[PDB]
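Student:
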């Protein structure tokens, strides 16, 4: 609508990385989702959930790692996708026990009861990941 400027809630970090402010209305959400559907390369992998934060990370497993597009969405969900082959590879399962933890500005963990996920953000924004996941955790499990 004239004067709605839905982009006010969207905070771009890079061409494949952004985060959203979470206070918008249900009607605003519809428009945000419409924007995502038309414009976001990763829309097809997220089960029609609004993407609240996304960005590339390297997920360590074994001696090395794999680069994945990580997507935090309403639900909540944390999907990870293979960005070259364009296939969903998995999710970090949400529960009340889920907890993110930043080791420094690149490295962060996401603890779940039967597995910890070891992620690296070469952009130096690991704290933004931890903060937003914690924000979502609070809205999901508290209030």
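In the working numbering, the protein residues as written are 1353 to 1495.
The beta-carbon is built from N, C-alpha and C at its ideal position, and this holds for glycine as well.
When you compare only the Cα positions, how much space is there between residue 1472 and residue 1409?
Tutor: The count along the chain shown starts at 1 and reaches residue 1472 at position 120. The count along the chain shown starts at 1 and reaches residue 1409 at position 57. If I take the Cα positions, the gap works out to 5 Å.
Student: At which residues does the alpha helix (DSSP H) containing residue 1476 begin and terminate?
Tutor: Looking up residue 1476 in the chain shown gives position 124. Where residue 1476 is concerned, there is no enclosing alpha helix (DSSP H), given that its DSSP letter is neither H nor E.
Student: Going residue by residue through the segment 1433-1471, where are the continuous beta strand (DSSP E) segments of at least 3 residues, counting only ones entirely within it?
Tutor: If we require 3 residues or more, the beta strand (DSSP E) runs fully inside the segment 1433-1471 come out as 1439-1443, 1451-1454 and 1459-1464.
Student: In whole angstroms, what separates the C-alpha of residue 1485 from that of residue 1446?
Tutor: Counted from its first residue, the chain shown places residue 1485 at position 133. Counted from its first residue, the chain shown places residue 1446 at position 94. The alpha-carbon atoms of residue 1485 and residue 1446 are separated by roughly 10 Å.
Student: So, under 8 Å CB-CB, residue 1439 and residue 1423 are touching, yes? Tell me the CB distance rounded to an integer number of Å.
Tutor: Position 87 of the chain shown, counting from 1, holds the residue named residue 1439. Position 71 of the chain shown, counting from 1, holds the residue named residue 1423. Residue 1439 to residue 1423, Cβ: 13 Å. No contact.
Student: How about residue 1402 and residue 1426: do their beta carbons lie closer than 7 Å?
Tutor: Within the chain shown, the letter at position 50 stands for residue 1402. Within the chain shown, the letter at position 74 stands for residue 1426. The answer is yes: Cβ separation under 7 Å.
Student: Does residue 1421 come out as helix, strand or coil in the three-state DSSP assignment?
Tutor: Locating residue 1421 in the chain shown gives position 69, where the first residue counts as 1. Strand.
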